[PDB]
Amino acid sequence: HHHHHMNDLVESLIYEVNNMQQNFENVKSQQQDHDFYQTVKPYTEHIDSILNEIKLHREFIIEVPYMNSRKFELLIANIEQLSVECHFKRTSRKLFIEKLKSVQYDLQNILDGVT
Ligand SMILES: [Cl-]
Ligand SMILES: [Cl-]
Ligand SMILES: [Cl-]
């Protein structure tokens, strides 16, 4: 409900989802998984912190155009999943990039809505 904070939260996830794309590109070129405890755990926990905040604004966000309760829950899960998958060389490019595009698509609609 407080939307310059929501703005920054959403812009924060946008930045982070872009970062996830670069991480995926790095594990793929390098053909090496990132270290679970030194890289993956801390990263996914930092993503969880942002998501925990954005969940506090659930009631507002679900009411913006293009959003609803179900779509909000899938968006969160999709972002969590990407935050992990981007660290694995075996992650499918086809499925990862499709899910990333879908997440950036939702995030933009939210950004428009909270603005
Ligand atoms: Cl629904
Ligand atoms: Cl739906
Ligand atoms: Cl985006």
# chains A, B, ... in the order shown; residues from 1 in each chain; ligands from 1
$ residues_near_ligand --ligand "ligand 3" --cutoff "10 Å" --atoms "only C-alpha atoms and all ligand atoms" --output "short mmCIF file (atom, residue, chain, number, x, y, z; two decimals) with N, CA, C and O atoms, in the first residue's frame"
data_model
loop_
_atom_site.label_atom_id
_atom_site.label_comp_id
_atom_site.auth_asym_id
_atom_site.auth_seq_id
_atom_site.Cartn_x
_atom_site.Cartn_y
_atom_site.Cartn_z
N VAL A 10 9.99 -3.42 -6.47
CA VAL A 10 9.76 -4.03 -7.76
C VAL A 10 10.98 -3.80 -8.68
O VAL A 10 11.49 -4.75 -9.32
N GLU A 11 11.46 -2.56 -8.72
CA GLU A 11 12.71 -2.23 -9.44
C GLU A 11 13.89 -3.07 -8.94
O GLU A 11 14.77 -3.47 -9.72
N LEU A 13 13.59 -6.18 -7.76
CA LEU A 13 13.44 -7.52 -8.31
C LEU A 13 13.79 -7.53 -9.81
O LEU A 13 14.38 -8.47 -10.31
N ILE A 14 13.39 -6.49 -10.52
CA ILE A 14 13.75 -6.37 -11.93
C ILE A 14 15.27 -6.46 -12.12
O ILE A 14 15.76 -7.32 -12.91
N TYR A 15 16.00 -5.63 -11.40
CA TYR A 15 17.47 -5.69 -11.40
C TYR A 15 17.94 -7.11 -11.10
O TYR A 15 18.78 -7.66 -11.82
N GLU A 16 17.38 -7.71 -10.03
CA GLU A 16 17.83 -9.04 -9.62
C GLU A 16 17.57 -10.16 -10.66
O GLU A 16 18.41 -11.03 -10.89
N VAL A 17 16.40 -10.11 -11.31
CA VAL A 17 16.07 -11.07 -12.36
C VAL A 17 17.06 -10.92 -13.57
O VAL A 17 17.48 -11.91 -14.19
N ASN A 18 17.43 -9.69 -13.90
CA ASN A 18 18.52 -9.47 -14.87
C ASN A 18 19.86 -10.06 -14.44
O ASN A 18 20.57 -10.66 -15.21
N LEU A 100 12.01 -16.77 -17.10
CA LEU A 100 12.53 -15.38 -16.97
C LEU A 100 11.70 -14.33 -17.76
O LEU A 100 11.40 -13.25 -17.25
N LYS A 101 11.33 -14.64 -18.98
CA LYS A 101 10.58 -13.66 -19.78
C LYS A 101 9.22 -13.41 -19.15
O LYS A 101 8.75 -12.27 -19.06
N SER A 102 8.60 -14.48 -18.67
CA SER A 102 7.33 -14.41 -18.02
C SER A 102 7.40 -13.57 -16.74
O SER A 102 6.54 -12.76 -16.50
N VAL A 103 8.43 -13.78 -15.94
CA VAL A 103 8.69 -12.97 -14.74
C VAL A 103 8.93 -11.48 -15.06
O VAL A 103 8.31 -10.61 -14.43
N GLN A 104 9.76 -11.19 -16.05
CA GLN A 104 10.01 -9.78 -16.42
C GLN A 104 8.70 -9.20 -16.91
O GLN A 104 8.38 -8.04 -16.59
N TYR A 105 7.89 -10.00 -17.61
CA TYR A 105 6.62 -9.50 -18.09
C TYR A 105 5.69 -9.08 -16.92
O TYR A 105 5.18 -7.96 -16.86
N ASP A 106 5.50 -9.97 -15.97
CA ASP A 106 4.73 -9.65 -14.77
C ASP A 106 5.25 -8.45 -13.98
O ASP A 106 4.50 -7.60 -13.51
N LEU A 107 6.56 -8.44 -13.79
CA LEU A 107 7.21 -7.36 -13.05
C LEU A 107 6.97 -5.99 -13.67
O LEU A 107 6.74 -5.01 -12.96
N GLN A 108 7.00 -5.93 -15.00
CA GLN A 108 6.71 -4.67 -15.68
C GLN A 108 5.28 -4.20 -15.45
O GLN A 108 5.05 -3.00 -15.30
N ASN A 109 4.33 -5.14 -15.46
CA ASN A 109 2.93 -4.80 -15.28
C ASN A 109 2.71 -4.28 -13.87
O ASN A 109 1.86 -3.39 -13.64
N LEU A 111 5.12 -2.92 -11.97
CA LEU A 111 5.79 -1.62 -11.95
C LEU A 111 4.86 -0.57 -12.51
O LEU A 111 4.66 0.43 -11.87
#
$ residues_near_ligand --ligand "ligand 2" --cutoff "8 Å" --atoms "only C-alpha atoms and all ligand atoms" --output "number ranges by chain"
A: 67-71
$ decode --residues "region 20-49 of chain A" --atoms "N, CA, C and O atoms" --output "CSV table (one decimal), in the first residue's frame"
chain,number,residue,atom,x,y,z
A,20,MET,N,20.2,-12.6,-12.5
A,20,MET,CA,20.0,-14.1,-12.7
A,20,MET,C,20.2,-14.5,-14.1
A,20,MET,O,20.8,-15.6,-14.3
A,21,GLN,N,19.9,-13.7,-15.1
A,21,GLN,CA,20.1,-14.0,-16.4
A,21,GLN,C,21.7,-14.1,-16.7
A,21,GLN,O,22.2,-15.0,-17.4
A,22,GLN,N,22.4,-13.1,-16.1
A,22,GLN,CA,23.8,-13.1,-16.3
A,22,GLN,C,24.5,-14.3,-15.6
A,22,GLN,O,25.4,-14.8,-16.2
A,23,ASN,N,24.0,-14.7,-14.5
A,23,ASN,CA,24.5,-15.8,-13.7
A,23,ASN,C,24.4,-17.1,-14.5
A,23,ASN,O,25.3,-17.9,-14.6
A,24,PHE,N,23.2,-17.2,-15.1
A,24,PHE,CA,22.9,-18.4,-15.9
A,24,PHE,C,23.9,-18.5,-17.1
A,24,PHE,O,24.4,-19.5,-17.4
A,25,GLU,N,24.1,-17.3,-17.7
A,25,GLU,CA,25.0,-17.2,-18.9
A,25,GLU,C,26.4,-17.6,-18.4
A,25,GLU,O,27.2,-18.2,-19.2
A,26,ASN,N,26.8,-17.2,-17.2
A,26,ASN,CA,28.1,-17.5,-16.7
A,26,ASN,C,28.3,-19.0,-16.4
A,26,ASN,O,29.3,-19.6,-16.9
A,27,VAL,N,27.3,-19.7,-15.8
A,27,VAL,CA,27.5,-21.1,-15.5
A,27,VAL,C,27.5,-21.9,-16.8
A,27,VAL,O,28.1,-23.0,-16.9
A,28,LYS,N,26.7,-21.4,-17.8
A,28,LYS,CA,26.6,-22.1,-19.1
A,28,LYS,C,27.9,-22.0,-19.9
A,28,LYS,O,28.3,-23.0,-20.5
A,29,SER,N,28.5,-20.8,-20.0
A,29,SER,CA,29.7,-20.6,-20.8
A,29,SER,C,30.8,-21.4,-20.1
A,29,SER,O,31.6,-22.1,-20.7
A,30,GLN,N,30.9,-21.3,-18.8
A,30,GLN,CA,32.0,-21.8,-18.0
A,30,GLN,C,31.8,-23.3,-17.7
A,30,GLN,O,32.7,-24.0,-17.3
A,31,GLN,N,30.6,-23.8,-17.9
A,31,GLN,CA,30.3,-25.2,-17.6
A,31,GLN,C,30.7,-25.6,-16.2
A,31,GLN,O,31.3,-26.7,-16.0
A,32,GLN,N,30.4,-24.8,-15.3
A,32,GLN,CA,30.7,-25.0,-13.9
A,32,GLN,C,29.5,-24.5,-13.0
A,32,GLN,O,29.2,-23.3,-13.0
A,33,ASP,N,28.9,-25.3,-12.1
A,33,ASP,CA,28.0,-24.9,-11.1
A,33,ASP,C,28.6,-24.0,-10.1
A,33,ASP,O,29.8,-24.2,-9.7
A,34,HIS,N,27.9,-22.9,-9.7
A,34,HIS,CA,28.4,-22.1,-8.5
A,34,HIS,C,28.4,-22.9,-7.3
A,34,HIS,O,27.6,-23.9,-7.1
A,35,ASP,N,29.2,-22.5,-6.3
A,35,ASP,CA,29.3,-23.2,-5.0
A,35,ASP,C,28.1,-23.0,-4.2
A,35,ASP,O,27.6,-21.9,-4.0
A,36,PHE,N,27.5,-24.1,-3.7
A,36,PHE,CA,26.3,-24.0,-3.0
A,36,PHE,C,26.3,-23.1,-1.8
A,36,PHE,O,25.4,-22.2,-1.7
A,37,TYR,N,27.3,-23.3,-0.9
A,37,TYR,CA,27.3,-22.6,0.4
A,37,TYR,C,27.9,-21.2,0.3
A,37,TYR,O,27.5,-20.3,1.0
A,38,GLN,N,28.8,-21.0,-0.6
A,38,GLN,CA,29.5,-19.7,-0.8
A,38,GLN,C,28.7,-18.7,-1.7
A,38,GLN,O,28.9,-17.5,-1.6
A,39,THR,N,27.9,-19.3,-2.6
A,39,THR,CA,27.2,-18.5,-3.7
A,39,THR,C,25.7,-18.7,-3.7
A,39,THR,O,25.0,-17.7,-3.6
A,40,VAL,N,25.2,-19.9,-3.8
A,40,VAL,CA,23.8,-20.1,-4.0
A,40,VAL,C,22.9,-19.8,-2.8
A,40,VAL,O,21.9,-19.1,-2.9
A,41,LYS,N,23.3,-20.4,-1.7
A,41,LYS,CA,22.6,-20.1,-0.4
A,41,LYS,C,22.5,-18.6,-0.1
A,41,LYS,O,21.4,-18.1,0.0
A,42,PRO,N,23.6,-17.9,0.0
A,42,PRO,CA,23.5,-16.5,0.3
A,42,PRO,C,22.7,-15.7,-0.7
A,42,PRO,O,21.9,-14.8,-0.3
A,43,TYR,N,22.8,-16.1,-2.0
A,43,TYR,CA,22.0,-15.4,-3.0
A,43,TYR,C,20.5,-15.6,-2.9
A,43,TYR,O,19.8,-14.6,-2.9
A,44,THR,N,20.1,-16.8,-2.8
A,44,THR,CA,18.7,-17.2,-2.7
A,44,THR,C,18.1,-16.6,-1.4
A,44,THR,O,17.0,-16.2,-1.3
A,45,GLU,N,18.9,-16.6,-0.3
A,45,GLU,CA,18.4,-16.0,0.9
A,45,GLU,C,18.3,-14.5,0.8
A,45,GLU,O,17.3,-13.9,1.4
A,46,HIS,N,19.1,-13.8,0.0
A,46,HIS,CA,19.0,-12.4,-0.2
A,46,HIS,C,17.7,-12.1,-1.1
A,46,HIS,O,16.9,-11.2,-0.8
A,47,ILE,N,17.5,-13.0,-2.0
A,47,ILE,CA,16.2,-12.9,-2.8
A,47,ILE,C,14.9,-13.2,-1.9
A,47,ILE,O,13.9,-12.5,-2.0
A,48,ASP,N,15.0,-14.2,-1.0
A,48,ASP,CA,14.0,-14.4,-0.1
A,48,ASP,C,13.7,-13.1,0.8
A,48,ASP,O,12.5,-12.9,1.0
A,49,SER,N,14.7,-12.4,1.1
A,49,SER,CA,14.5,-11.2,1.9
A,49,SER,C,13.7,-10.2,1.1
A,49,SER,O,12.7,-9.6,1.7
